[PDB]
Amino acid sequence: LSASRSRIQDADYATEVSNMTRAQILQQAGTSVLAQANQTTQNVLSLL
Amino acid sequence: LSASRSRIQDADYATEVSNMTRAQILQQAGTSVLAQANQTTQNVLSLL
Amino acid sequence: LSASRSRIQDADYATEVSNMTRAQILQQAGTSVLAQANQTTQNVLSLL
Amino acid sequence: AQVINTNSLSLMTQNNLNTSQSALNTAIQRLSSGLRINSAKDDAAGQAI
């Protein structure tokens, strides 16, 4: 009975470690991209 | 009578060794995860 | 009759010890290589 | 799967040691006592006869 509870209940490691790393990389990429997209409208000022 | 009192009262060792081991491993994992989660908010500063 | 049942039913030790060793070393190798594989994709972040 | 919450091999080994201890206990008992039937547990009919 204890073994069956463990099967239903517990958490595996390799899965969550991989998911965590995957989540972190997208965070950094999003921050960089946001800064890049944010600096866009500076270029209009040159027009005047 | 002495056998009966021993049955009610004394302590096994295999069970306790197992519990102590599984307790310590969780402690180490928790400390590492705590450091990881502390390092989270650094990215926001780079946005600025 | 006792001899014959023993021939059918018992387990040998040299074989099992060898199997145990050969199974542990594989587990260690697998874990190290999995870590190596996970930490591979960081270099993509460099290209931004 | 690598789970650290529960370890179900130590459970098997623990549950497995007892069946050896029991035989050890009976073997040590009989040798020191000097005879085979130390209670009615061994077999009922022989004790009566």
# chains A, B, ... in the order shown; residues from 1 in each chain; ligands from 1
>>> interface_residues(of="chain A", to="chain D", cutoff="8 Å", atoms="only C-alpha atoms", output="PyMOL selection string")
chain A and resi 3+6+10-14
>>> write_last_selection(atoms="C-alpha atoms", output="mmCIF file, in the first residue's frame")
data_model
loop_
_atom_site.group_PDB
_atom_site.id
_atom_site.type_symbol
_atom_site.label_atom_id
_atom_site.label_comp_id
_atom_site.auth_asym_id
_atom_site.auth_seq_id
_atom_site.Cartn_x
_atom_site.Cartn_y
_atom_site.Cartn_z
ATOM 1 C CA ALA A 3 4.388 1.701 -2.632
ATOM 2 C CA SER A 6 4.181 6.696 -3.585
ATOM 3 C CA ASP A 10 5.453 11.652 -5.329
ATOM 4 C CA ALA A 11 7.397 13.922 -7.685
ATOM 5 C CA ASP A 12 10.183 13.038 -10.099
ATOM 6 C CA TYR A 13 13.302 15.186 -10.247
ATOM 7 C CA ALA A 14 14.854 15.132 -13.718
#
>>> interface_residues(of="chain A", to="chain B", cutoff="10 Å", atoms="only C-alpha atoms", output="PyMOL selection string")
chain A and resi 24+27-28+31-32+34-35
>>> select_by_dssp(residues="chain D", states="alpha helix (DSSP H)", output="PDB file with N, CA, C and O atoms, in the first residue's frame")
ATOM      1  N   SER D   8      11.318   2.487  -1.368  1.00  0.00           N
ATOM      2  CA  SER D   8      10.628   1.220  -1.200  1.00  0.00           C
ATOM      3  C   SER D   8      11.528   0.005  -1.343  1.00  0.00           C
ATOM      4  O   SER D   8      11.012  -1.107  -1.489  1.00  0.00           O
ATOM      5  N   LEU D   9      12.849   0.181  -1.337  1.00  0.00           N
ATOM      6  CA  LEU D   9      13.740  -0.973  -1.270  1.00  0.00           C
ATOM      7  C   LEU D   9      14.140  -1.264   0.166  1.00  0.00           C
ATOM      8  O   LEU D   9      14.173  -2.428   0.592  1.00  0.00           O
ATOM      9  N   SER D  10      14.453  -0.218   0.923  1.00  0.00           N
ATOM     10  CA  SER D  10      14.710  -0.405   2.341  1.00  0.00           C
ATOM     11  C   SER D  10      13.508  -1.029   3.030  1.00  0.00           C
ATOM     12  O   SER D  10      13.669  -1.834   3.952  1.00  0.00           O
ATOM     13  N   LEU D  11      12.295  -0.684   2.592  1.00  0.00           N
ATOM     14  CA  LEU D  11      11.116  -1.304   3.184  1.00  0.00           C
ATOM     15  C   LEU D  11      11.122  -2.809   2.966  1.00  0.00           C
ATOM     16  O   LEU D  11      10.862  -3.585   3.894  1.00  0.00           O
ATOM     17  N   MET D  12      11.434  -3.242   1.749  1.00  0.00           N
ATOM     18  CA  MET D  12      11.482  -4.669   1.476  1.00  0.00           C
ATOM     19  C   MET D  12      12.538  -5.348   2.326  1.00  0.00           C
ATOM     20  O   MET D  12      12.281  -6.390   2.935  1.00  0.00           O
ATOM     21  N   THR D  13      13.727  -4.760   2.404  1.00  0.00           N
ATOM     22  CA  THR D  13      14.793  -5.408   3.156  1.00  0.00           C
ATOM     23  C   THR D  13      14.454  -5.502   4.639  1.00  0.00           C
ATOM     24  O   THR D  13      14.699  -6.536   5.279  1.00  0.00           O
ATOM     25  N   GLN D  14      13.895  -4.429   5.203  1.00  0.00           N
ATOM     26  CA  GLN D  14      13.472  -4.455   6.596  1.00  0.00           C
ATOM     27  C   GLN D  14      12.453  -5.551   6.832  1.00  0.00           C
ATOM     28  O   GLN D  14      12.605  -6.368   7.744  1.00  0.00           O
ATOM     29  N   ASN D  15      11.412  -5.597   6.001  1.00  0.00           N
ATOM     30  CA  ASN D  15      10.396  -6.629   6.146  1.00  0.00           C
ATOM     31  C   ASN D  15      10.988  -8.010   5.915  1.00  0.00           C
ATOM     32  O   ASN D  15      10.378  -9.022   6.269  1.00  0.00           O
ATOM     33  N   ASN D  16      12.169  -8.075   5.320  1.00  0.00           N
ATOM     34  CA  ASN D  16      12.734  -9.367   4.985  1.00  0.00           C
ATOM     35  C   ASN D  16      13.652  -9.904   6.079  1.00  0.00           C
ATOM     36  O   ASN D  16      13.830 -11.121   6.177  1.00  0.00           O
ATOM     37  N   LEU D  17      14.227  -9.037   6.914  1.00  0.00           N
ATOM     38  CA  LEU D  17      15.139  -9.528   7.955  1.00  0.00           C
ATOM     39  C   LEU D  17      14.423 -10.366   9.015  1.00  0.00           C
ATOM     40  O   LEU D  17      15.023 -11.273   9.623  1.00  0.00           O
ATOM     41  N   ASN D  18      13.150 -10.073   9.265  1.00  0.00           N
ATOM     42  CA  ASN D  18      12.453 -10.679  10.392  1.00  0.00           C
ATOM     43  C   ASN D  18      12.379 -12.193  10.254  1.00  0.00           C
ATOM     44  O   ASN D  18      12.484 -12.932  11.246  1.00  0.00           O
ATOM     45  N   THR D  19      12.177 -12.671   9.031  1.00  0.00           N
ATOM     46  CA  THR D  19      11.968 -14.093   8.827  1.00  0.00           C
ATOM     47  C   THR D  19      13.252 -14.870   9.066  1.00  0.00           C
ATOM     48  O   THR D  19      13.224 -16.087   9.275  1.00  0.00           O
ATOM     49  N   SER D  20      14.392 -14.190   9.020  1.00  0.00           N
ATOM     50  CA  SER D  20      15.633 -14.828   9.435  1.00  0.00           C
ATOM     51  C   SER D  20      15.785 -14.802  10.947  1.00  0.00           C
ATOM     52  O   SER D  20      16.200 -15.801  11.561  1.00  0.00           O
ATOM     53  N   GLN D  21      15.469 -13.661  11.563  1.00  0.00           N
ATOM     54  CA  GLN D  21      15.599 -13.592  13.015  1.00  0.00           C
ATOM     55  C   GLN D  21      14.791 -14.679  13.697  1.00  0.00           C
ATOM     56  O   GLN D  21      15.232 -15.245  14.703  1.00  0.00           O
ATOM     57  N   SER D  22      13.595 -14.968  13.188  1.00  0.00           N
ATOM     58  CA  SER D  22      12.754 -15.945  13.873  1.00  0.00           C
ATOM     59  C   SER D  22      13.438 -17.304  13.952  1.00  0.00           C
ATOM     60  O   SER D  22      13.481 -17.937  15.021  1.00  0.00           O
ATOM     61  N   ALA D  23      13.988 -17.764  12.831  1.00  0.00           N
ATOM     62  CA  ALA D  23      14.670 -19.048  12.822  1.00  0.00           C
ATOM     63  C   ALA D  23      15.882 -19.018  13.734  1.00  0.00           C
ATOM     64  O   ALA D  23      16.182 -20.008  14.416  1.00  0.00           O
ATOM     65  N   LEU D  24      16.592 -17.888  13.762  1.00  0.00           N
ATOM     66  CA  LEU D  24      17.726 -17.790  14.671  1.00  0.00           C
ATOM     67  C   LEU D  24      17.281 -17.985  16.107  1.00  0.00           C
ATOM     68  O   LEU D  24      17.933 -18.693  16.884  1.00  0.00           O
ATOM     69  N   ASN D  25      16.161 -17.366  16.469  1.00  0.00           N
ATOM     70  CA  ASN D  25      15.672 -17.450  17.837  1.00  0.00           C
ATOM     71  C   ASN D  25      15.342 -18.883  18.215  1.00  0.00           C
ATOM     72  O   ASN D  25      15.780 -19.374  19.265  1.00  0.00           O
ATOM     73  N   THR D  26      14.584 -19.579  17.369  1.00  0.00           N
ATOM     74  CA  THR D  26      14.235 -20.957  17.708  1.00  0.00           C
ATOM     75  C   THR D  26      15.471 -21.840  17.798  1.00  0.00           C
ATOM     76  O   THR D  26      15.576 -22.686  18.700  1.00  0.00           O
ATOM     77  N   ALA D  27      16.420 -21.665  16.876  1.00  0.00           N
ATOM     78  CA  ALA D  27      17.619 -22.497  16.899  1.00  0.00           C
ATOM     79  C   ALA D  27      18.420 -22.292  18.178  1.00  0.00           C
ATOM     80  O   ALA D  27      18.866 -23.261  18.799  1.00  0.00           O
ATOM     81  N   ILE D  28      18.616 -21.037  18.590  1.00  0.00           N
ATOM     82  CA  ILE D  28      19.363 -20.789  19.819  1.00  0.00           C
ATOM     83  C   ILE D  28      18.618 -21.357  21.013  1.00  0.00           C
ATOM     84  O   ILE D  28      19.225 -21.920  21.929  1.00  0.00           O
ATOM     85  N   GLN D  29      17.293 -21.213  21.029  1.00  0.00           N
ATOM     86  CA  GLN D  29      16.519 -21.724  22.152  1.00  0.00           C
ATOM     87  C   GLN D  29      16.710 -23.225  22.328  1.00  0.00           C
ATOM     88  O   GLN D  29      17.029 -23.696  23.430  1.00  0.00           O
ATOM     89  N   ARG D  30      16.536 -23.989  21.251  1.00  0.00           N
ATOM     90  CA  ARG D  30      16.542 -25.440  21.393  1.00  0.00           C
ATOM     91  C   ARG D  30      17.881 -25.946  21.900  1.00  0.00           C
ATOM     92  O   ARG D  30      17.928 -26.839  22.750  1.00  0.00           O
ATOM     93  N   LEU D  31      18.982 -25.396  21.390  1.00  0.00           N
ATOM     94  CA  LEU D  31      20.299 -25.911  21.760  1.00  0.00           C
ATOM     95  C   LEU D  31      20.546 -25.772  23.256  1.00  0.00           C
ATOM     96  O   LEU D  31      20.939 -26.731  23.926  1.00  0.00           O
ATOM     97  N   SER D  32      20.325 -24.577  23.797  1.00  0.00           N
ATOM     98  CA  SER D  32      20.568 -24.360  25.215  1.00  0.00           C
ATOM     99  C   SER D  32      19.612 -25.176  26.067  1.00  0.00           C
ATOM    100  O   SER D  32      20.019 -25.765  27.073  1.00  0.00           O
ATOM    101  N   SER D  33      18.331 -25.222  25.688  1.00  0.00           N
ATOM    102  CA  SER D  33      17.369 -25.921  26.536  1.00  0.00           C
ATOM    103  C   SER D  33      17.730 -27.387  26.701  1.00  0.00           C
ATOM    104  O   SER D  33      17.713 -27.914  27.816  1.00  0.00           O
ATOM    105  N   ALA D  44       0.736 -29.829  19.425  1.00  0.00           N
ATOM    106  CA  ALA D  44      -0.063 -30.119  20.607  1.00  0.00           C
ATOM    107  C   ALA D  44      -0.036 -31.598  20.961  1.00  0.00           C
ATOM    108  O   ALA D  44       0.113 -31.958  22.133  1.00  0.00           O
ATOM    109  N   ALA D  45      -0.174 -32.470  19.965  1.00  0.00           N
ATOM    110  CA  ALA D  45      -0.405 -33.881  20.256  1.00  0.00           C
ATOM    111  C   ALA D  45       0.789 -34.524  20.944  1.00  0.00           C
ATOM    112  O   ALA D  45       0.622 -35.328  21.867  1.00  0.00           O
ATOM    113  N   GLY D  46       2.004 -34.193  20.508  1.00  0.00           N
ATOM    114  CA  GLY D  46       3.179 -34.835  21.076  1.00  0.00           C
ATOM    115  C   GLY D  46       3.341 -34.554  22.554  1.00  0.00           C
ATOM    116  O   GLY D  46       3.726 -35.437  23.326  1.00  0.00           O
ATOM    117  N   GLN D  47       3.046 -33.324  22.969  1.00  0.00           N
ATOM    118  CA  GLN D  47       3.188 -32.965  24.372  1.00  0.00           C
ATOM    119  C   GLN D  47       2.304 -33.834  25.257  1.00  0.00           C
ATOM    120  O   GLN D  47       2.756 -34.347  26.288  1.00  0.00           O
ATOM    121  N   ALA D  48       1.049 -34.039  24.854  1.00  0.00           N
ATOM    122  CA  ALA D  48       0.144 -34.854  25.653  1.00  0.00           C
ATOM    123  C   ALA D  48       0.652 -36.283  25.793  1.00  0.00           C
ATOM    124  O   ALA D  48       0.648 -36.853  26.894  1.00  0.00           O
TER     125      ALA D  48
END
>>> atom_distance(atom1="atom CA of residue B:19", atom2="atom CA of residue A:8")
21.0 Å
>>> atom_distance(atom1="atom CA of residue B:29", atom2="atom CA of residue A:18")
16.0 Å
